[PDB]
Structures are given as structure tokens and as C-alpha cells.
Protein chains: 2
Amino acid sequence: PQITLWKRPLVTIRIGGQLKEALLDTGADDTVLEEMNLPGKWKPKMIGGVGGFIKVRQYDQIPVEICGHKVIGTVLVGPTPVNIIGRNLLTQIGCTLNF
Amino acid sequence: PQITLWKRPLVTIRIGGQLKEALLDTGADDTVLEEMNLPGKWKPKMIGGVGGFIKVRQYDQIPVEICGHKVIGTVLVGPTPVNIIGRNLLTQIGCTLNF
Ligand SMILES: CC(C)CN(C[C@@H](O)[C@H](Cc1ccccc1)NC(=O)O[C@H]1CO[C@H]2OCC[C@H]21)S(=O)(=O)c1ccc(N)cc1
């Protein structure tokens, strides 16, 4: 689709078997999801935004479905206030910004 | 133009007479710039991101030059780690996400 920005650009994703709403976020390097119990190997990481840093669990090579696009990559899990789809996955769905 | 997301979508803006680099940020409701002087009336606001909230100066009706496009809207100034162009101004340049 072509998504305008008058409202937040929210999409449905599926990850670890669960459906979620997430924000398509060109300002995010990495995808970051709210706290959930994902199985798999992970390593700790700190990410910085407005307000400072959060500790996240970094899971590599995770399958995610985003509006019908089946992708595989890194997902960070921790205390973000909103589920965010970052550039690492935006590039896999072929997302561009146009003006 | 159409901007891919392999790299951060960084652009040159002009605000208050000065050239700056900024991030085109679809996950930001609002435009937030690093501490700077700016003429005009302002009022204090809190804005919230990953890590918590920061206190900013809200200036309304500020002209911003973005990639050759002159727009006018709200600019928040404060201790953000990066200059971020949010939807309030992305909409003014006709920006969309496409995939
Ligand atoms: C500040 C950016 C350089 C990076 N941020 C992404 C950004 O799009 C967040 C994404 C975001 C969105 C909502 C809540 C938290 C974070 N937006 C944000 O801080 O916007 C603020 C300014 O306008 C307001 O509207 C939304 C919050 C305010 S970030 O969330 O901190 C972030 C940082 C690193 C990664 N990997 C993923 C996300």
C-alpha cells in the first residue's frame, strides 16, 4: 500500500505465534517489541532514544509476518512503550519513503 | 524523491537561519530538535519516547526548510539525541510510506 502520515502508521504483525499492532518507523534502526515471552537464543543490548536507554533482548533470525510479507531478522524485546518495526525489517518488505 | 531505508534517512534542513542534519522519522508524531536558540514564543512540554520523557520547548508556526520544501509547523526543542522530523512536518511535504 501507500500509507499517508496524518495518523500513526500502524500495521498488524505476527510474531512468536501472536498478532500485534506495530508502528512502521523509519527513525528506528532495529525492530523493538514490547515485553513478551519469545523462545530462542538471545543476547542483551542497550538501545537509546528520546528519554534515554532501555535494555533489550536481541533475538536474531526470527520469522515475522508484516502485512502478508514473510520476513526473517533481528527483533529486540524489552520495555518500549510501543511495538516498532525498524529499518532492518522495513528494508525486507521493500518499504520506501516518498515525496 | 524515493528514499530507501538501508541507511538512516538523513536530510539537510534549515531552521532559524541555520543548516542542520535531521532524521525523517515516521515513528515521531512531532518534530524534535537538539538544543538550539530559536526566536519566538514557546511553552514547556513533555514528550515521551523509548527511555522515558524529556522536557522541551514548544514553538508553534516555525518555518522549516526541508529538502527544498518550505513548511511551517510546530517544533519542539530539547535534549533529544538526534534531530527528528516527525509526521507533523512530513505530512506538509507530502511524504508517504510505500511498500
Ligand atoms: C529517536 C529515534 C532516533 C529512535 N526512536 C524511534 C522513534 O521513531 C521513536 C519511536 C517511538 C514512538 C512512540 C513511543 C516511543 C518510541 N519516536 C519518538 O521518540 O518520537 C517522539 C517525538 O514525537 C512523539 O511521537 C511518538 C513519541 C514522541 S527509538 O524508539 O528510540 C528507537 C531507537 C532504536 C531502535 N532500534 C528502535 C527505536
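Note that each Cβ is placed from the backbone with ideal geometry, even for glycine, and that neighbours are counted across all protein chains shown. Nothing in this text is a laboratory measurement; each read-out follows from the coordinates by a stated rule.
Given the Cα-Cα distance of B:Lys45 and B:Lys7 and 0.36 nm per residue of separation, how much length would full extension add, in nm?
Additional length available on full extension: 10.6 nm.
Please work out whether segment B:1-54 counts as rounded, prolate or oblate from its C-alpha gyration tensor, where a ≥ b ≥ c are the square roots of the eigenvalues and a/c under 1.5 means rounded, while otherwise a/b larger than b/c means prolate and anything else oblate?
Judged from the Cα gyration tensor, segment B:1-54 comes out oblate (a/c at least 1.5, b/c at or above a/b).
Which ³J(HN,Hα) values in Hz, rounded to whole numbers, follow from the phi angles of segment B:27-32 under the Karplus curve 6.51 cos²θ - 1.76 cosθ + 1.60, where θ = phi - 60° and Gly and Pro get x?
Those phi angles translate into x, 9, 5, 10, 7, 10 Hz.
Taking a label point 7 Å out from Cα toward Cβ, give me the nm distances from B:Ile72 to the same spot in the other copies, shortest first, one decimal.
Between copies, matching label points for B:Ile72 lie 5.3 nm apart.
How big is the charge dipole of chain A about its Cα centre, in debye rounded to the nearest 20, if each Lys and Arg gets +1 on its Cβ and each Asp and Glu gets -1 on its Cβ?
120
Subtracting the Cα-Cα distance from 0.36 nm times the residue separation, let me have the gained length for B:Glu35 to B:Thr91 in nm, one decimal.
Gain on stretching B:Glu35 to B:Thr91: 17.8 nm.
Positive end of the charge dipole of the protein assembly as shown (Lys, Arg +1 and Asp, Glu -1 on Cβ, about the Cα centre): tell me which of A:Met36, A:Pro1, B:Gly17 has its Cα farthest that way.
Among A:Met36, A:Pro1, B:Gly17, the one farthest towards the positive end of the dipole of the protein assembly as shown is A:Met36.
With θ set to phi - 60° and the Karplus curve 6.51 cos²θ - 1.76 cosθ + 1.60, what are the ³J(HN,Hα) couplings of segment B:81-91 in order, to the nearest whole Hz, using x for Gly and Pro?
Those phi angles translate into x, 9, 5, 10, 9, x, 4, 3, 9, 4, 4 Hz.
Amide H to amide H under 5 Å from A:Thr74: which residues, 5+ apart in sequence or cross-chain, H placed 1.01 Å off N in plane?
Placed amide hydrogens put A:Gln61, A:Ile62 under 5 Å from A:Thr74.
Using a Förster distance of 30 angstrom, determine the FRET efficiency expected from the C-beta separation of A:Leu19 and B:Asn98, and round it to 0.05.
E between A:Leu19 and B:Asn98, to the nearest 0.05, is 0.80.
Taking 35 Å as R0, compute the FRET efficiency from the Cβ-Cβ separation of A:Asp60 and B:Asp60 and round it to 0.05.
Here the calculated transfer efficiency is 0.20.
Report the closest approach of any chain B C-beta to the axis of the B-to-A rotation: residue and distance, in whole angstrom.
Measuring from each Cβ to the axis, the minimum is at B:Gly51, 2.
What net charge is computed for the residues neighbouring A:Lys43, neighbours being all others with C-beta under 15 Å from the C-beta of A:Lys43, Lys and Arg scored +1, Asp and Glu -1?
+2
Which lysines, if any, have their Cα less than 29 Å from the Cα of A:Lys41, not counting same-chain residues under 8 positions apart?
Within the straight-line cut-off, A:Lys41 pairs with A:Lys20, A:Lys55, A:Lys70, B:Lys7.
Add +1 for every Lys or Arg and -1 for every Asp or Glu among the other residues with Cβ under 9 Å from the Cβ of A:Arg14, and state the total.
Once all neighbours under 9 Å are counted, the net charge is 0.
What does the charge count near A:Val77 come to, summing +1 for each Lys or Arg and -1 for each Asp or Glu among other residues with Cβ under 14 Å from its Cβ?
+2
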